[PDB]
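For reference, the structure discussed in these notes is given below.
Please treat every number below as a calculation from the coordinates, not as lab data. Every residue, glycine as well, gets a Cβ built from its backbone with ideal geometry; the counts of neighbours run over all protein chains shown.
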Amino acid sequence: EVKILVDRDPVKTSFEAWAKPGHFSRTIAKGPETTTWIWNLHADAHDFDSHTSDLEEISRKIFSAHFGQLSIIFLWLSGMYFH
Amino acid sequence: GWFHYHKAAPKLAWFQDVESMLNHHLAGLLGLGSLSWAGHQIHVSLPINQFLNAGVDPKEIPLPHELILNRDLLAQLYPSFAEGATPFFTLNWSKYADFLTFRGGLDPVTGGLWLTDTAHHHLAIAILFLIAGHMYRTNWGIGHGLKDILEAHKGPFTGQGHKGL
Amino acid sequence: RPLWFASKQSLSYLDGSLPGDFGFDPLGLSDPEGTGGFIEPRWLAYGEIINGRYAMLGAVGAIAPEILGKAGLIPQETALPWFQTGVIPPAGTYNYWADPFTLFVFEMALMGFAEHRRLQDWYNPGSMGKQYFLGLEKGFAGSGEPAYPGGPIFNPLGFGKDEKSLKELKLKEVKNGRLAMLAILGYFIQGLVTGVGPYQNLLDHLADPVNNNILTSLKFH
Amino acid sequence: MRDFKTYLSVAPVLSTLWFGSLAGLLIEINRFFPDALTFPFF
Amino acid sequence: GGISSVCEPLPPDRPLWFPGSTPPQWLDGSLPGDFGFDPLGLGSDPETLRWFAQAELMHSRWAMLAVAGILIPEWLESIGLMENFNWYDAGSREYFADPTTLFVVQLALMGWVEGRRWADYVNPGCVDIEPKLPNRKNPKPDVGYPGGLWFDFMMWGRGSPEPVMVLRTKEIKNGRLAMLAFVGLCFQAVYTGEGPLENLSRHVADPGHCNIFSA
Ligand code: CLA
Ligand code: CLA
Ligand code: CLA
Ligand code: CLA
């Protein structure tokens, strides 16, 4: 029962979500009406539990964020070894 | 990170396989990592640091791969290396008492822990983690179930106990 | 159908259609549920076939120069163990007509051609008969099965025209391939433990069996 | 490409590029005209 | 039947850089040298695609002129009709003027014509150089491919001997080859510490050695 359960190509790699700030939630993607929105955009950025109610997407985002953190740590270690 | 989200993303049941994750992170991450670091300390760190603490100039010290291809170069510092891995396979581990020591304290030359102590420590830690990583159940019926282990512990004060955790 | 260490999960997808199928999959790596990336069963079988073919080449190529040198066929300076031919420069290096990195670049370019073409056949079947490639593309159309393309270039003698002959030859190929990669793993382990070459290991075992074993080799060298 | 250029036009990326160019200009000016306390050109 | 002066786009089954792959949707074969090579998707925006096509054309022409002016004088020096030619040291030679004032004069003169070309790209037909003779009709040129009396005094474009698309891909391909060549020469002059033709001579002899891996 413990197998490799993996779905192929769930998210399309594109810069469309880069061009729209705050795409992850609904109350924020409508656009800024006040300056507070900007702060909100940096407050709910990594709150994956509030973006979606599905545990699968949250877990996948967690896994890839961990990978990015490991990449940053390896970059920092490379910098220390170079210096 | 790009691949495991945009191309081949794991399913929910892949993440909820906590038993296999614990087995792999206790036997393959910590245990095998400690074993590999113990191998590096035994084969590289010990002779280079012995040469350094002997006053040999660092540029004249043999390269770490030279102590791997030439077993006699490592055997001059630690004669047990002349016996190979046969003392390990015949359970004559006391023959390895020249580079695997329970000395304690600090090195008077350097002011740090003995590197032989660290090598033996990482070896023992690797063994303990590797035999501690075959505990939880998986595709084969041997092993432990975390749910059953939690549900088996319940007392009069706590009522139903750890069930549901 | 004979089964070697078959499992209840393993028999749910290994139905004997693939050549050399004995139900052996304890880890369930070819499970068709949640399949993606390189864990696809078709890709796994294709990789097994390619690895087997390469190891059938390698298990003879890593032992032929030693045998020829012992028999004194072609000069002994070219007769070296497989790790002494510049593969591992600490283990030994031979002076060819080119620098080993230059030879690596030449090999990388030639196999980049010959293998990215195969990869694009795998991605798009029959796509190498369309684009002009020196007029040879007519022989690169394939047959729809990436592991066994056939054609006048890869099957020039026309072996196995009959379906039962094709199945028998596929079984022979996968079995000899599996034996060859077992032999290549043995080559690597014997080089790591003894370090005198596989043919010298065979000669030492033949000269005396008791003194030369796996048991009396744990001292390493 | 239009979406990537829109991302390059967002506030932090554009601010980073502008302030990096300004900081580089100021640093090069301070290298070529160091220790400036007055304006002596006039 | 006559001479077609319009570029003919390549068919969708044209040869590609990576055969067996799907060409990108923004590369439909209407540009010269179109082989469907855009891994990064830099030509997705059509306006930026036009700007990048013009930039590639400009880089192609400058690179071909550059490599010609490197190789032909170097081939003359090896023959012996040039006494002390060296393209790496050519910038530090002694001329009738300082490099700075020559650079300023070159900047002004070249920024005239580069800026006339800019106005033509922004507004096609705003600047016309081909004479408007009383009954001669001047055909409308494509942006980046001008030329009546001056730039195309041969009338080799506009459908004459080889169709306009064929000659444009020929130009673009020679240009790409020249850009790669010039970058190679720039790296070789600082790596090998020698000239181009000398490096070719020591590579043709014993090519197993005298490579990138032996300086
Ligand atoms: C465009 C074609 C081109 C050609 C024909 C040459 C030709 C030559 N180069 Mg140069 N070179 C080029 C581009 C090119 N180079 C580029 C793009 C770079 C780096 C950005 C270099 C950097 C370079 C170095 C560092 C050295 C040479 C040297 C040499 C020789 C080859 C041996 C070698 O080690 O270099 C191979 C070096 C590379 C970095 C490979 C670059 C190849 C590019 C990416 C593509 C060219 C492939 C394409 C099929 C060209 C068509 C071939 C033909 C029909 C023209 C040979 C005289 C060597 C020398 O002369 O030593 C005595 C040497 O030391 N070259
Ligand atoms: C024995 C193999 C194995 C190993 C070595 C690891 C190791 C790791 N896992 Mg675990 N994991 C395993 C099996 C394994 N896992 C299995 C079977 C499952 C599913 C039940 C999980 C589920 C899992 C999750 C859900 C997460 C991790 C995470 C991590 C990382 C956290 C620890 C840390 O960063 O230390 C630093 C450790 C290292 C850098 C040392 C070297 C380890 C190398 C780089 C890793 C290669 C291991 C990989 C499993 C095998 C390659 C696959 C192949 C196709 C290339 C670490 C790289 C967390 C993470 O950080 O993810 C990015 C995380 O989110 N794991
Ligand atoms: C090259 C790798 C390889 C691969 C990809 C396959 C692939 C396949 N095998 Mg074959 N097989 C192999 C080698 C391989 N085999 C060998 C060596 C033998 C003889 C022992 C067999 C004998 C065999 C039988 C008897 C059966 C199969 C079957 C299968 C299928 C299901 C199992 C699976 O998913 O494998 C995926 C396997 C892997 C991804 C291989 C790597 C696994 C780890 C990384 C190996 C590490 C081991 C290595 C020795 C240690 C490293 C040390 C080194 C550094 C020195 C699949 C088509 C079944 C069938 O139906 O056939 C079609 C079946 O019944 N195989
Ligand atoms: C390398 C090959 C090359 C090719 C195939 C093309 C191809 C094309 N160009 Mg481009 N072009 C190039 C290089 C090239 N160009 C360079 C280096 C520049 C910068 C000066 C330009 C700038 C340019 C302009 C400004 C124009 C074109 C035009 C055209 C068309 C004319 C046909 C042609 O040029 O003749 C193909 C054959 C050759 C290029 C042979 C090479 C020439 C040799 C080396 C020297 C010439 C000989 C001799 C010295 C000249 C006569 C002497 C006389 C002055 C006394 C065609 C679509 C015209 C256009 O598109 O209008 C529709 C247009 O007017 N091109």
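A few comments on the model shown:
- Convex hull volume of the C-alpha atoms in chain D, normalised per residue: 107 Å³.
- Among E:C126, E:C186, the ranking by other beta carbons within 10 Å of each residue's beta carbon, starting with the fewest, stands as E:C126, E:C186.
- Label-to-label distance, A:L75 versus C:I88, with points set 7 angstrom from Cα along the beta-carbon direction: 3.7 nm.
- Within chain E, longest stretch free of exposed chymotrypsin sites (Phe, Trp or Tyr not before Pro) [DSSP loop, at most 10 other beta carbons within 10 Å]: E:1-94
- For the range E:19-67, the direction-averaged projected area of the alpha-carbon convex hull comes to 4.0 nm².
- Reciprocal of mean inverse Cα separation for chain E (Kirkwood radius, Å): 20.9 Å
- Three principal axis lengths of the range B:1-127 [C-alpha, angstrom, descending]: 56, 37, 31
- In this rough spin-label picture, where each label sits 7 Å from Cα along the Cβ direction, the B:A152-B:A13 distance is 2.6 nm.
- Three-way shape label, the range C:122-173, alpha-carbon gyration tensor, a/c 1.5: prolate
- As a proxy for reagent exposure, D:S9, C:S7, C:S143 were ordered by neighbouring Cβ count within 10 angstrom, fewest first; the result is D:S9, C:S143, C:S7.
- Computed about its Cα centre, the charge dipole of the range C:47-164 is approximately 240 debye, with only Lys, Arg, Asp and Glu carrying charge at their Cβ.
- Each principal axis of the Cα atoms in the range B:103-151 has its own extent, and those three values, largest first, are 52, 21, 12 angstrom.
- What the Cβ-Cβ distance of C:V196 and E:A215 gives, at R0 = 41 Å and to the nearest 0.05, is a FRET efficiency of 0.65.
- Calculated SAXS-style log₁₀ I(q)/I(0) at q = 0.05, 0.07 Å⁻¹ - the protein assembly as shown, Debye, Cα scatterers: -0.46, -0.92
- Loop sites in the range E:1-107: GluC sites (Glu not before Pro), DSSP, at most 14 other Cβ within 10 Å: E:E83, E:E94
- Approximating the spin labels as points 7 Å out from Cα along Cα→Cβ, the E:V105-to-B:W93 distance works out to 8.7 nm.
- Using equal-weight Cα scatterers in the Debye expression, the normalised intensity of the range C:104-221 in log10 at q = 0.15 Å⁻¹ is -0.86.
- Residues of type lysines that C:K219 reaches as a straight line, Cα spacing below 20 Å, ignoring anything fewer than 8 places off in the same chain: B:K95
- Order of C:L169, C:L206 - criterion: other Cβ atoms within 10 Å of each residue's Cβ, fewest first: C:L206, C:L169
- Partners for C:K167 among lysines (Cα-Cα distance below 26 Å; same-chain residues under 8 apart left out): C:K8, C:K138, C:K175
- By the Cα gyration tensor, chain A has an equivalent ellipsoid whose semi-axes, rounded to whole angstrom, run 27, 23, 12 from largest to smallest.
- Listed residues C:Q190, C:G52, B:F81: farthest to the positive end of the dipole of the protein assembly as shown (Cβ charges): C:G52
- Computed log10 I(q)/I(0) for chain C at 0.13, 0.16 Å⁻¹: -1.06, -1.28, from the Debye equation with unit scatterers placed on every C-alpha and solvent omitted.
- To the nearest ten degrees, helix C:198-207 and the longest principal axis of the Cα atoms of chain C are 60 degrees apart.
- Projected over all directions and averaged, the alpha-carbon convex hull of the range E:110-153 occupies 3.3 nm².
- Acute angle (nearest 10 degrees) that the helix E:164-191 long axis makes with the longest principal axis of chain E, alpha-carbon atoms: 20 degrees
- Inter-chain Cβ neighbour average for residues E:12-24, partner chain, 10 Å: 3
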